[PDB]
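Residue 1 is where the sequence shown starts when you use the entry's author numbering, and the numbers rise one by one after that. For every residue, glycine included, the Cβ atom is placed at its ideal position computed from N, Cα and C.
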Amino acid sequence: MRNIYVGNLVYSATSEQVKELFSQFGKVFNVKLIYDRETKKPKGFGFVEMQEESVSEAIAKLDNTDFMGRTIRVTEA
């Protein structure tokens with residue numbers, strides 16, 4: 001069970017939207033996010049806990065550039 005690190009997360013980009021599907025294709029065990037550290041709002045980055053099988057490709061085809069929840073700057077924690 002590795003840990004994934006994704007940044008460039010907005011109030012409601014897609015991270016919290018994909019977490020629902022990530023369980024059907026990735027079966028995420030633990031998924032959380034951070035806050036602005038001032039307004040208690042989601043803005044900065046997030047986290048994801050998954051096995052050591054989906055994490056390999058999870059960032060492979062995902063991480064690259066900044067899009068509308070299509071790639072984002074993700075990487076192994």
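Item                                                                                                          : Value
Distance CB(residue 82)-CB(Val55) smaller than 9 Å                                                            : Here the chain covers residues 1 to 77 and nothing more, so residue 82 does not appear.
Cα-Cα separation between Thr14 and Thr71, rounded to whole angstroms                                          : 10 Å
Residue of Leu21, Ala77, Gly69 minimising C-alpha distance to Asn8                                            : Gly69
Residues bridged to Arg2 [DSSP beta-bridge criterion]                                                         : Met50
Sequence-distant residues of the same chain with beta carbon closer than 6 Å to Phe22, five excluded per side : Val28
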